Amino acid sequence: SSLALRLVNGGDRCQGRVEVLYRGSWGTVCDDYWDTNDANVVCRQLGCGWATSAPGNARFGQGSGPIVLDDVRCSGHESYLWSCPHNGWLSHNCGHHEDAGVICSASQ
């Protein structure tokens, strides 16, 4: 019940670097696999419309928190990003240069 998602460093609630609250801390999501299915789940869960793009490679900067998720492979209609298939939690397989991001339609 404590899980939560936000976008940061994008200048709007509805675009930016994806962060998930896990074990007390906001962590980032590695783009080792990242796509618009994943972005659409994020955009929907936040009430931000639909994804227009899903930029990886720390486009919205590198987080400082733990990298909590990687290999996230949503189908696209999941209600929460954590409900999508993913490679457990806290894999330590990535660096922050791979932090994933989203741009949603509701961004202004």
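All residue numbers refer to positions in the sequence shown, first residue = 1.
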If you average the CA temperature factors over each stretch, which comes out higher, 57 to 65 or 76 to 84?
57 to 65
Between 90 to 98 and 12 to 20, point out the one with the higher average CA B-factor as the PDB entry records it.
90 to 98
Using the B-factor values recorded in the entry, state whether the Cα atom of residue 3 falls in the lowest, middle or highest third among the modelled residues of its chain.
middle
Among all modelled residues of this chain, ranked by Cα B factor, put residue 31 in the bottom, middle or top third, i.e. lowest, middle or highest.
middle
